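Each remark here refers to the structure printed beneath this line.
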Amino acid sequence: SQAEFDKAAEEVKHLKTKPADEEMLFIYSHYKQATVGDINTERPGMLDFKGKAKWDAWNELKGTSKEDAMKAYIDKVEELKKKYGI
Ligand SMILES: CCCCCCCCCCCCCCCC(=O)SCCNC(=O)CCNC(=O)[C@@H](O)C(C)(C)COP(=O)(O)OP(=O)(O)OC[C@H]1O[C@@H](n2cnc3c(N)ncnc32)[C@H](O)[C@@H]1OP(=O)(O)O
């Protein structure tokens, strides 16, 4: 009964396959909000698309609380569970 979400955040890494950057997109935003909180980082370095995708997706959430973030984060790591099959 902790950040089981943070446990999902492990699963999504174990998926037999680096999910599609677009599903990663969502996962990041909720993940990052839940673990970090209201984005204190900058827009893209070495991986533009990616860099913002994560930044941008999260940045979208800034203001939302860690747990709400979890609720959907988790449910979305859940999607990988199926998409890829962990
Ligand atoms: C469209 C671009 C991504 C959308 C925004 C970020 C997505 C984050 C949510 C999903 C987490 C990644 C899911 C698995 C993806 C892969 O597997 S791709 C890497 C090759 N690895 C594998 O196949 C095995 C598992 N992978 C890994 O352990 C890492 O390489 C990992 C995927 C976690 C990170 O690699 P990658 O996505 O290629 O680039 P990063 O910039 O290093 O990470 C993406 C962003 O997500 C944050 N992050 C790191 N680890 C996680 C986990 N476990 N869950 C969720 N989010 C994670 C990073 O902080 C990074 O964003 P930023 O902070 O902006 O750089």
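Return the residue satisfying two criteria in turn: it lies in the stretch 22-44 and is part of a loop (DSSP other than H, G, I, E, B) and either under 10 Å from the mean Cα position of the chain (by Cα) or among the polar types (S, T, N, Q) (or both), and of such residues it is farthest from the ligand (Cβ to nearest atom).
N40
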Q) Could we say that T35 is β-branched (V, I, T) and surrounded by fewer than 14 Cβ atoms within 10 Å (Cβ to Cβ) here? A) no
Q: Using the structure shown, decide if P19 is outside any helix (DSSP H, G or I) and under 12 Å from the mean Cα position of the chain (by Cα).
A: yes
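Each row is one residue, and each column tells you yes or no for (1) free of Cβ contacts under 8 Å to residues at least 24 places away in the same chain; (2) of a type in the set (A, V, I, L, M, F, W, C).
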{"site": "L15", "(1), (2)": "no, yes"}
{"site": "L25", "(1), (2)": "no, yes"}
{"site": "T35", "(1), (2)": "no, no"}
{"site": "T41", "(1), (2)": "yes, no"}
{"site": "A72", "(1), (2)": "no, yes"}
{"site": "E78", "(1), (2)": "no, no"}
{"site": "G85", "(1), (2)": "no, no"}
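Quick check: is even one residue across the stretch 45-65 outside any helix (DSSP H, G or I), closer than 23 Å to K83 by Cβ, without any contact (Cβ under 8 Å) to a residue 12 or more places away in the chain and near the ligand (Cβ under 6 Å from one of its atoms)?
Looking through the stretch 45-65, none of the residues is outside any helix (DSSP H, G or I), closer than 23 Å to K83 by Cβ, without any contact (Cβ under 8 Å) to a residue 12 or more places away in the chain and near the ligand (Cβ under 6 Å from one of its atoms).
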Q: Hey, can you tell me all the residues within the stretch 8-24 that are surrounded by fewer than 13 Cβ atoms within 10 Å (Cβ to Cβ) and among the hydrophobic types (A, V, I, L, M, F, W, C)?
A: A20
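FYI the Cβ positions are ideal-geometry reconstructions off the backbone, even for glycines, and counts take in every protein chain you see. Read-outs throughout are calculated quantities, based only on the coordinates presented, and are distinct from any laboratory measurement.
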